[PDB]
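Following this are structure 1 and structure 2, which are two forms of one protein chain, each written alone as structure tokens.
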Structure 1
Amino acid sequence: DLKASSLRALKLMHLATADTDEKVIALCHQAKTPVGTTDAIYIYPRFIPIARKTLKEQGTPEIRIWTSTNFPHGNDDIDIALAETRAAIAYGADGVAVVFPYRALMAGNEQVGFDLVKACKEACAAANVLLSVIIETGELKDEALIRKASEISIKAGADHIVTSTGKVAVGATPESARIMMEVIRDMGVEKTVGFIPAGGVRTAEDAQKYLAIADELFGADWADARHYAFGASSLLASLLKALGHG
């Protein structure tokens, strides 16, 4: 079970560094692993052009490039999140992860998170770029708030919902992952919305647990690269070790 889960998780990784052009070049090389490529890399927007050229030159132009906007703070200024999203698109992103305005939701504002996600989804869809939304489960903390942010993000057009930025102490848990996937299931949007646990997903055993929740709720074929990803860095070494590499 663990070897199989590990190859599966490797192929679904959005590989991040655990910030310079040299380190991003090294990240691109690391994404071309002995057992296959990760799905993507995840980097700050300014590094997209050099990463694209590196991926092309090593013969893996299929590896996608994700970046983040409104990040990591999840502020509630839509004009700033939209300008950063348009810049990320112009740098060449294949996907943008925008941080949801979670503190505004906690204060009672449901509308601003709908409007901010919808504005960024509009820009991304016009450029054929995917939009994921990071809700910051470790700050929202309560199940009802995690459900509400997931719901609002989906209604506003999120292509994926993501637990965490990796910039606050608490990232994904099995419990917050199950709550967010339950929202996808209950809203019936599993064909159009994926899920990404991120922040603190360190081991092969952690990745197997997240994939086991997806397989239970959606059936084992659901968690393809359009519908699932892992936001992780050092996880790659743990997956490779599980497979007998390094």
Structure 2
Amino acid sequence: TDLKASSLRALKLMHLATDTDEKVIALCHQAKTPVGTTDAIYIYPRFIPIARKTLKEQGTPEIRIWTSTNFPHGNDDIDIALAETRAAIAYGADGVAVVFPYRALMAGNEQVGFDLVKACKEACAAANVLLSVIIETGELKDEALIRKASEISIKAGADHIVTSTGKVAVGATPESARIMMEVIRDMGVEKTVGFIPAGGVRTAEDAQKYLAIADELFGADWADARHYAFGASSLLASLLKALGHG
């Protein structure tokens, strides 16, 4: 089916998320699936060194390790976000998702959002570490605030843009996803900027819906390079079930 094909694609692009050392170890094992390797795991900074060991010893050092900083609050203190990103880096992260200061933007502060992302991009770039920016669409709400946060994050050097922390009641929607990818399209940056719909993606069918918008806007070669699934091990179990496993 279409649902089988898209569940396999989603799984290969998946950032598997989840709290203890043993829970993270079990995450790593899940990430090595019967149909292949998820793209990444997503975990709190302190768990990075044990996750690295585990992925290497199960024979999958190609699985990437993502984490977040300025998280989930998106405060506007650049000193703190920056120290936190340096820490994540020293722990061994392959990518750092920073939370955009979306509240400062909603209050009228566009400069702070630029300067924060740009400071965290510098640190990351200096260590060959990818930077995502979580804008928190559930909280911004307005189409024009979503465009604006997306656009500021791109100009400041975001490698990917991400809907949601998953720590507010509202995560990704199809319209949210649509808006942020249109920013990527309109600015001309699809070759260097990808996209993650995050928060409340539960089922194989939810994941197919997001994939379809990416295929629609940029085509299936873009989406296989740069459109990441995001969810917990319930989302993964469901993609596996769609493929006839478990």
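Residues are numbered by position in structure 1's sequence, first residue being 1. Residues that one form lacks are left out of the comparison. Heads up, when I say rigid core I mean the largest set of C-alphas that superpose within 1.5 Å between the two forms.
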> For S233, is the CA shift between structure 1 and structure 2 at least 2 Å following rigid-core superposition?
Replying inline: yes
> In Å, how large is the C-alpha displacement of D224 between structure 1 and structure 2 after the rigid core is aligned?
Replying inline: 2.5
> With the rigid core superposed, can you list, in sequence order, the 3+ residue stretches whose C-alpha atoms all shift 2 Å or more between structure 1 and structure 2?
Replying inline: 224-233
